[PDB]
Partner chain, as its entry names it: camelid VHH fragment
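Just one chain follows, in the form solved without its partner chain, and it is written as structure tokens.
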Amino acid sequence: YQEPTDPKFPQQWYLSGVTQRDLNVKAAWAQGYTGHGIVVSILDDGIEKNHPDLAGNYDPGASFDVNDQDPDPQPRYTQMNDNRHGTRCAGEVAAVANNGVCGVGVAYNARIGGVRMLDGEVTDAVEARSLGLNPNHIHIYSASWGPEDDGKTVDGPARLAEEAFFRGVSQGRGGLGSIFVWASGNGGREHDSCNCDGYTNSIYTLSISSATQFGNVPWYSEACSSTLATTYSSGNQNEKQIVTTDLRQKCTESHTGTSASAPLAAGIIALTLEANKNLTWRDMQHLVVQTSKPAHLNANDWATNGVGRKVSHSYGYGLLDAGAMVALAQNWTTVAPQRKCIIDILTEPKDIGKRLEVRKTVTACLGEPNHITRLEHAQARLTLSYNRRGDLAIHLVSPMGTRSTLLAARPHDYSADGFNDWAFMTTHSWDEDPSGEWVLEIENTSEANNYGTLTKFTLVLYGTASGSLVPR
């Protein structure tokens, strides 16, 4: 195997590193996997389809302009180069290799398109037409953005976009399911908590956070239990950043944020899908859980879950490992059909006050076709009133003892509107047996005399009843 000769490939430290602080992508390339036959689409502000490092891989069938309602996602050029982000993300996935231009994509033989959707009013319909673009041609969708990362917003897909997610994972990709890769958010300096973003908090999105070059949680990162894994991105001014294609046929070394991590994950997923085209949308999440690596990622919340895997709310299961992903994909056995066990917990409304604990012992649909002994995602769907939402912190403890933070205190969130059946999701109990006692904790983290009521707590368990590995 000959590594790429592109002039900035040596600067792509998160791929070309020889110091074990990288995504282990050369190992996948050397196994023969470069993304051939895989189609990825960037949902963003457009794609410079004539970029010298993108044109060779550009796919019109992976592209559309839902802002202006035409097939051509070319960005709108402005003096400030506002609409450059989709071009940066496209190159992360699939910049051409060995062509003397810039660097390379993770999946440098994949086909790449873009949906121009963010350069205009983003409506539910715009979102749905983007998520649902050509779902039997595009394999993988990469989305780096969502509701405002101001640390006070609670919002998610409205009806058309949610329908697009379910149609995507159910009938997309020949029934194997569209793979939606999502950035978990850039709201760290606002103390944002990313389960409040219903796109990344979805089970249907494979959510990705960031690590800095020296292995730290970047200033912009949001912690939450819905995140699955991590890719490198930017940090402080002594740490390197992401090197990729830029608007106006240029090359940037200063692409940043969690919004730069999701495209790198999308490229690794493209390599993995080349290694096994029969993987389902859930298979792909299982592979990420099993192969991602905590080592050398610094956080104070690494915890071992019930099946022996380390998990963090900043990093999920750790750094994506492309070589391990493609290796495990090759002989992967398709997971069993997804079961869903619905457990309505409360028999009466519960005053929250300063602190509320709700304990319930469940059988996880014992005796029924939705019996789950092997958890995937779990949700605590909560309906509650509170006078100042951001003073709440919420935790969910599984029978195996795994404490998931569902909501951290958000100091800017002054809302008096509470949560209306909000489906806080955790990935941290993946592969655990969910039978037993679950504990929900709701706490007022402020000294104020805050008040409210929990009126509904639905525990929703997803998973299967077969195929478990010996704990790690």
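Positions refer to the first chain, counted from 1.
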* According to the deposited model, is the average Cα temperature factor higher in 375 to 383 or in 332 to 340? -> 332 to 340
* Should the higher mean CA B-factor in the entry be assigned to 296 to 304 or to 280 to 288? -> 296 to 304
* Structure fact -> Listed options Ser226, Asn81, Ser312, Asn186: highest C-alpha B factor recorded at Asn81
* Top Cα B factor in the deposited entry, candidates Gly156, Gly316, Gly168, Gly100 -> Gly100
* Structure fact -> Chain thirds by Cα B factor, record data; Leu392 belongs to the middle
* Asked: Can you tell me which third, lowest, middle or highest, the CA B-factor of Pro399 falls into for its chain?
  -> lowest
* **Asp246, C-alpha B-factor rank within chain (lowest, middle or highest third)** => middle
* Divide the modelled residues of the chain into thirds by Cα B-factor and specify which third, lowest, middle or highest, holds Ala27. => highest
* Asked: Ranked by Cα temperature factor within the chain, is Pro263 in the lowest third, the middle third or the highest third?
  -> lowest
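Beyond what is shown, the protein has a form solved in complex with its partner chain; the following relates to that form.
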* Can you pick the stretch from 357 to 365, 94 to 102, 283 to 291, 385 to 393 whose heavy atoms fall within 4.5 Å of its partner chain in the deposited complex? -> 385 to 393
* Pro337 within 4.5 Å of its partner chain in the deposited complex, heavy atoms -> no
* Asked: Using 4.5 Å between non-hydrogen atoms, is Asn420 touching its partner chain in the deposited complex?
  -> yes
* **Proximity of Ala416 to its partner chain in the deposited complex, heavy atoms at 4.5 Å** => yes
* Asked: If you check in the deposited complex, is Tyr451 within 4.5 Å of its partner chain, heavy atoms only?
  -> yes
* Structure fact -> Checked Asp301, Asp344, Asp72, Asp351 for heavy atoms within 4.5 Å of its partner chain in the deposited complex; positive is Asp351
* Structure fact -> Residue within 4.5 Å of its partner chain in the deposited complex by heavy atom, from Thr455, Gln11, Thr464, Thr458, is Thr455
